[PDB]
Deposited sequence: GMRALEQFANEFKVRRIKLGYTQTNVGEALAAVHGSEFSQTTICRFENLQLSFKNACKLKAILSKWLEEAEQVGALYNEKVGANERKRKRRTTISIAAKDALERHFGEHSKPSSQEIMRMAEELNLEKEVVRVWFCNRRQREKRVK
């Protein structure tokens, strides 16, 4: 069923990260239950649920076996991101206090917002 699949893919990611694992580490560690390793891509597809229902469920089993047996990237939402980009056009170099205010309203950490802004600037300076 979809609801237990969605709920699981959500929590698997939560657990995977808290536990220090990289999509590649996990795909490579599955040989302890599966007899073979899965690729980085595969684990991404499962977490993002970019597979067939049949496929995703099969994996949900393998991966669950592994789990009980067993910077950290911050994903910025498609609401925060295109709303940071809306703050950039206004001013592309907010000062110390404003980046803190933005982190506050977006409940993110001062440092991911800071680095996003620095990165957005590098983008402007690129050739193509």
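One segment of the deposited sequence has no coordinates for C-alpha: 71-88, numbered from the first residue.
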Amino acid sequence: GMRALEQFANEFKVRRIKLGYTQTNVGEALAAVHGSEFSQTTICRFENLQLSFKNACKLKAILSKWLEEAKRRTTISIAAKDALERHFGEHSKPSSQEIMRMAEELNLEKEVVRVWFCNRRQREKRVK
From here on, numbers count along this sequence of modelled residues.
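When the mean C-alpha temperature factors of 103-111 and 116-124 are read from the deposited coordinates, 103-111 comes out higher.
Look at the mean CA B-factor for 58-66 and for 72-80 in the entry; the higher one is 72-80.
Per the deposited record, 97 carries the highest C-alpha B-factor of all listed residues (48, 41, 52, 97).
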